[PDB]
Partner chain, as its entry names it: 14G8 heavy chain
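First comes one chain, alone, set out as structure tokens in the form solved without its partner chain.
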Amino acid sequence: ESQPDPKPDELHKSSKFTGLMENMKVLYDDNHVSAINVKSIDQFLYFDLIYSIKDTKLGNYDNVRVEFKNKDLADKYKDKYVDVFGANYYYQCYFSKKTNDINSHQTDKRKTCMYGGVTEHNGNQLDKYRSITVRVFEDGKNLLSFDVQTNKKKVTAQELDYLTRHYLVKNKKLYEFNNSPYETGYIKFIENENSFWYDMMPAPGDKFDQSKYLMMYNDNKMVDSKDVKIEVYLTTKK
């Protein structure tokens, strides 16, 4: 089944967001969580899992809390080896680790947080990368198309959304420090006779809540990388 295209729920307008657009841009910039074949090492609340994933590139985190929509999802992946991929946040992130009074001077642990992004490792690997075409519509016209790549058979929508928006930040300035050249944007995922979409712009007002925005990924929704198609619909600002 297909989510109706926007107009019920009309889209967020970037011109009515008066906060710092950088706080959206940073979620789809170069840095993101990516780990292959890792297992949970702890749990804070009953609907999350904690991973020791080090930020080898900048060391901004050593531990990542992954939050899910419900207990069933955390139970499904607990203690199993998985791949993790997603957009992380810091300012609103908190968790405690249950290391049983720990030792070895745990100290100086650097934390970050995310939602969903988890797929089983075993069985889900392709030998060679798969390409997925993204068609971009600007004011109704398809003026740009490009591909994103994944090595997973079942892939989260979060991973594909990140890769799509990363290209558009770098090449079409989708988000800038204090504005966007686009008024509205949505990303649409098509998988056989199912389709769904996400609003790409922040809610109006002077503050952007990163955690609430990223919470949409807590369903861990997945698509089959061989069947999915991506469309992006942007409208330009006056």
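Only residues modelled in both forms are compared. Numbering follows the first chain given and starts at 1. In this text, the rigid core denotes the largest set of C-alpha atoms whose superposition between the two forms falls within 1.5 Å.
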Inset, instruction - Establish whether the other compared PDB entries of this protein leave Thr150 unmodelled at least a third of the time. - result: no
Legend entry - Check: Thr164 without coordinates in a third or more of other entries: no
Inset, instruction - Check the entry's C-alpha temperature factors for 136 to 144 and 94 to 102, then say which stretch has the higher mean. - result: 94 to 102
Legend entry - Mean C-alpha temperature factor, higher of 28 to 36 and 49 to 57: 49 to 57
Inset, instruction - Quick one: which of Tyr129, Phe85, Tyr162, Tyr89 shows the highest Cα temperature factor in the PDB entry? - result: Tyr129
Inset, instruction - Name the residue from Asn218, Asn23, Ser225, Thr18 with the greatest C-alpha temperature factor listed in the entry. - result: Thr18
Inset, instruction - Give the position of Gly185 by CA B-factor within its chain, expressed as the lowest, middle or highest third. - result: middle
Legend entry - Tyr198 CA temperature factor, ranked by third within the chain: middle
Legend entry - Among modelled residues of the same chain, the CA temperature factor third for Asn179: highest
Legend entry - CA B-factor placement of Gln158, once the chain's modelled residues are sorted into thirds: lowest
Inset, instruction - Going by the recorded CA B-factors, say which third of the chain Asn192 sits in, lowest, middle or highest. - result: highest
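Separately, the form deposited with its partner chain bound exists; it is not shown, and the next lines address it.
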Legend entry - Partner proximity in the entry with it bound: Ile53 to its partner chain, non-hydrogen atom cutoff 4.5 Å: no
Inset, instruction - Report yes if any heavy atom of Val38 sits within 4.5 Å of a heavy atom of its partner chain in the entry with it bound; otherwise report no. - result: no
Inset, instruction - Kindly check if the Cα atom of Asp9 is displaced 2 angstroms or more between this form and the one not shown relative to the superposed rigid core. - result: yes
Legend entry - Sense of CA distance change between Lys13 and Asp9 in the entry with it bound, threshold 3 Å: closer
Legend entry - Sense of CA distance change between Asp9 and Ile190 in the entry with it bound, threshold 3 Å: farther
Inset, instruction - Could you point out the stretches of 3 or more consecutive residues whose C-alpha atoms all move by 2 Å or more between this form and the one not shown when the rigid core is superposed? - result: 2 to 5, 8 to 10
